[PDB]
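In the block that follows, a single chain appears as structure tokens, in the form deposited without its partner chain.
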């Protein structure tokens, strides 16, 4: 449980999705250069993601266009990794009985989440907190 609640979101990983952030109304984007951000452009070719489960509640978020894995570094910066490693795992949970939240597994004890600012920039791990809108995501069909 990693010392966290276990309310899981409904749905599956059968198909790819878009991870939509309410905060600024952005879709999670993994750039070929390893850069990660958010875009409002629904036609962007780098927003399609494939989630997969490691263990129950643990996921990988992979770019279908590039094959890169979403990850969060030692300093809390989100990046795109060519290969899957411990920094690529996230704890996917339901939040506010509706949204999906993604907590860095490696940094779970610190509550470091995946989050997008209103300007579409990713937030740094330590800057994320329960209660913010930046951490709330909606998985949409592609």
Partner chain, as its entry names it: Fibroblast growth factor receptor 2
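Residue numbers count along the first chain shown, from 1.
Select between 96-104 and 25-33 the stretch whose C-alpha atoms have the higher average B-factor in the entry. Stretch with the higher mean C-alpha B-factor: 25-33.
Tell me which stretch, 73-81 or 59-67, has the higher mean Cα B-factor listed in the entry. Comparing 59-67 with 73-81, the higher mean C-alpha B-factor belongs to 59-67.
What third of its chain, lowest, middle or highest, does the C-alpha temperature factor of residue 125 fall into? Its C-alpha B-factor belongs to the lowest third of this chain's values.
How does residue 135 rank on Cα B-factor within its chain, lowest, middle or highest third? As the PDB entry reports it, the C-alpha B-factor of residue 135 lands in the lowest third of its chain.
For the chain shown, is the CA B-factor of residue 89 in the lowest, middle or highest third of its modelled residues? As the PDB entry reports it, the C-alpha B-factor of residue 89 lands in the lowest third of its chain.
Is the Cα B-factor recorded for residue 53 in the lowest, middle or highest third of its chain? It falls in the top third of the chain.
The protein also exists as the form deposited with its partner chain bound; that form is not presented, and the subsequent description refers to it.
Please run the contact check for residue 64 against its partner chain in the deposited complex: heavy atoms, 4.5 angstroms, yes or no? No, residue 64 stays farther than 4.5 Å from its partner chain in the deposited complex.
Residue-level contact is defined here as any heavy atom of the residue lying within 4.5 Å of its partner chain in the deposited complex; does residue 60 satisfy this criterion? Yes, residue 60 is a contact residue.
If you check in the deposited complex, is residue 54 within 4.5 Å of its partner chain, heavy atoms only? Yes, residue 54 is a contact residue.
Consider residue 79 of the chain shown here, and say whether it contacts its partner chain in the deposited complex, taking contact as heavy atoms within 4.5 Å. It does not: once its partner chain is placed as it appears in the deposited complex, residue 79 has no heavy atom within 4.5 Å of it.
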